[PDB]
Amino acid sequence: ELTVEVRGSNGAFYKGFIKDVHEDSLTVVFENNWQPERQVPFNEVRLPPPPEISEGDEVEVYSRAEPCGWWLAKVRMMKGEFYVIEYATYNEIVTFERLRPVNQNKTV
């Protein structure tokens, strides 16, 4: 039940766990898509990050258009609680919690 992250045809990255290993493919259950595991290829996977953050930096942010997942972004401002970010290329105000340093882990 080793937890992972999977890139979706959406380009984004969605928490999950490895249920099973095969030759060409992994078999993963999802967050609130547990139920259909796809069976997945090597390179679409990577590990979650283990355990600074400030503006103009590049980050991943946690959203949807559909499940929720991680989308790449840039802090183009922050102020008080709130951060202005930029994702091709919409915009939004989020908060610390919606937010994280890019996971620069690597696919398998």
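When you see a residue number, it is the position in the sequence shown, counting from 1.
In terms of unmodelled positions of the deposited sequence, the stretch from residue 65 to residue 66 in this entry skips 1 to 3 residues. Missing deposited residues between residue 87 and residue 88: 4 to 9, all without coordinates in the entry. For the pair 52-60 and 25-33, the mean B factor over Cα atoms is greater in 52-60. Ranked by C-alpha B-factor against the other modelled residues of its chain, residue 107 falls in the middle third. When the modelled residues of the chain are ordered by C-alpha B-factor, residue 80 sits in the highest third. Compared with the other modelled residues of the chain, the Cα B-factor recorded for residue 20 ranks in the lowest third.
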